[PDB]
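> only geometry, no sequence info:
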């Protein structure tokens, strides 16, 4: 946090859902000039950790609290959440959105994804669900969905290969698809030379993410 | 937490490193009588969440604070941490433990795994390391190791397939192997009928974990 210091350490706090997908790509593409300390957070911890200096950077989503001065940002990528479920052995979904009280696998209420998903379901009264499994961990939700336990909204980058080989099947590609946008956030304050170098390089590899 | 209640909800707090490996197996083998709320925690949050009723059960490791009355436990499985790294293209490790200041990929100090690993390295003065990447997330450490960025101590269950096809290579199988033991913890207090049914069924599938 505050007292911890090295010449090369970059302190990153990342929302649970993009930690796995985002961080390895950044490490691989970044110049060999940094060391990394990464902690997973809920989106509501982000403001305080940036203001108090416990994190140099936040990897998170759209956040109106963080999308104003004295914060700065770069949009890293955009994605789409699809409702998916396991297959039925014949290349068809095991579940339907129209089943009364279908089993839902969802993020926690404290999550950015969970908030958008419930907003969506509310708008759509022709769907009724029972929540079978709640977890902040995207990869846990994905595995429980792959094991056939219910329907889950998951981001495209996490399920890309499972959609291609059909271990997961997309159940809707219109009004139930949820847009999401990933950002890196910082304080406007000028930082150390190494953190400024990290920020500059991050801008330069954003295209390749 | 406390006020949240349904007839079937089982509230579980799990240490970061066994959440992915353990939880899907439990859901799959358990009778279809439960719903799940799972949150990831650091091991030091476990005592307070059990005493205050925010969690029914804790999935964690050996914890002397939790291995005494009024707590109860069942050992779920034991495993072994191996130092591993990516291959060098010829079926050999890319890194050696004997390289001066080899790049270490480690858990945070707040983690059970991190504590045992540093205890081990300290005992072994013929090794010197520089910490390249720190994260609580086992799956992030595994991916960074697979991408060739350094040496990491990882549990056998998480790297089993990568060891078999040689995307990760074990660097030591004697004095650097670290034993670990996974437990489920509860309060001694008698709980609701549904939580007692969950506890009884958990005992019954422990063999198959």
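Arrived safely, thanks for sending. Numbering: from 1, shown residues only, chains lettered A, B, ... in the order given.

> Which positions within the top strand by length along chain A qualify as buried?
Looking across chain A with DSSP state E, the single longest strand is strand A:71-86. Residues A:71, A:73, A:76, A:77, A:79, A:81, A:82, A:83, A:84, A:85, A:86 are the ones in strand A:71-86 that count as buried (16 or more other Cβ atoms under 10 Å in any protein chain shown). In short, each C-beta sits where N, CA and C put it, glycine included.

> could you check whether it is close to chain B?
No: Strand A:71-86 does not reach chain B (Cβ under 8 Å from any Cβ of the partner chain); its nearest approach is 11.8 Å.

> And the buried residues of strand A:71-86, which two are furthest apart?
Using Cβ to Cβ, the buried residues of strand A:71-86 span at most 40.3 Å, a distance reached by A:71 and A:86.

> My guess is residue A:54 contacts residue A:11. True?
Yes: using Cβ atoms under 8 Å, residue A:54 makes contact with residue A:11 at a distance of 7.3 Å.

> Close to chain B: what parts of chain A are there?
For chain A, the contact set with chain B under Cβ under 8 Å from any Cβ comprises A:16, A:19-20, A:23-24, A:27-28, A:35-40, A:108, A:130-137, A:139-140, A:143-144, A:147, A:149.

> Mark which of these are buried, thanks.
Buried residues within those, defined by neighbour count using 16+ other Cβ under 10 Å: A:16, A:19-20, A:23-24, A:27, A:35-40, A:108, A:131-137, A:139-140, A:143-144, A:149.

> from the residues of chain A next to chain B, which ones fall inside strands?
Using DSSP E, the residues of chain A next to chain B in strands are A:35, A:36, A:37, A:38, A:39, A:40, A:130, A:131, A:132, A:133, A:134, A:135.

> which two in these are spaced the farthest apart?
Greatest spacing in those, by Cβ to Cβ: A:35 and A:130 (45.5 Å).

> about what we covered before: tell me which of the buried residues of strand A:71-86 is nearest to chain B?
Nearest to chain B out of the buried residues of strand A:71-86 is residue A:86 (Cβ to the nearest Cβ; 11.8 Å).

> contacting residues for the closest residue to that closest one other than its chain neighbours?
In this structure, residue A:86 finds its nearest non-sequential neighbour in residue A:148, 4.0 Å apart by Cβ to Cβ, 6 or more residues apart in numbering or on different chains. Contact partners of residue A:148, counting by Cβ atoms under 8 Å, 6 or more residues apart in numbering or on different chains, are A:85, A:86, A:94.

> Tabulate these (a markdown table), appending distance to residue B:58.
Formatted as a markdown table, the contacts of residue A:148 follow (distance: Cβ to Cβ, whole Å):
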| residue | distance to residue B:58 |
| --- | --- |
| A:85 | 30 |
| A:86 | 29 |
| A:94 | 32 |
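
> tell me what the longest strand of chain A is packed against?
Here strand A:71-86 touches helix A:112-123, helix A:138-146, strand A:151-155, helix A:156-165, strand A:168-170, strand A:178-187, going by 3 or more Cβ pairs under 8 Å, 6 or more residues apart in numbering or on different chains; DSSP states H and E.

> quick one, which of those is packed in tightest?
Highest mean neighbour count of the helices and strands packed on strand A:71-86: strand A:151-155, a mean of 25 (counted as mean count of other Cβ atoms under 10 Å in any protein chain shown).

> any residues touching it, and which ones?
Applying Cβ under 8 Å, 6+ apart, the set of residues contacting strand A:151-155 is A:17, A:21, A:79-85, A:95, A:97, A:102-106, A:113, A:117, A:120, A:129, A:138, A:141-142, A:144-145, A:168, A:171, A:176, A:178, A:180.

> Check stretch A:41-48 too.
A:13-16, A:49, A:54-55, A:58, A:60-61, A:63, A:65-66, A:110-112, A:136, A:185.

> Same question for it: list its buried residues.
Residues of stretch A:41-48 classed as buried: A:41, A:43, A:45, A:46 (neighbour count, 16+ other Cβ under 10 Å).

> quick one on the thing from earlier: can you tell me which of the ones in strands among the residues of chain A next to chain B lies nearest to residue A:157?
Closest approach to residue A:157 among these (Cβ to Cβ): residue A:40, at 17.2 Å.

> hang on, isn't the closest one packed against residue A:15?
Yes: using Cβ under 8 Å, residue A:40 is in contact with residue A:15, at 7.4 Å.

> quick one: contacts of stretch A:115-122?
Outside stretch A:115-122, the residues within contact range by Cβ under 8 Å, 6+ apart are A:81, A:106, A:107, A:109, A:127, A:129, A:153, A:176, A:178, A:180.

> Would you report the backbone torsion angles of the fifth one?
Think residue A:127. phi -120, psi 140 (degrees, to the nearest 10).

> ok now do the nearest residue to residue A:151 once chain neighbours are set aside, which residues does it touch?
Nearest residue to residue A:151, sequence neighbours excluded (Cβ to Cβ, 6+ apart): residue A:85, at 4.7 Å. Shown in contact with residue A:85 (Cβ under 8 Å, 6+ apart): A:93, A:94, A:95, A:145, A:148, A:150, A:151, A:152, A:168, A:169, A:171.
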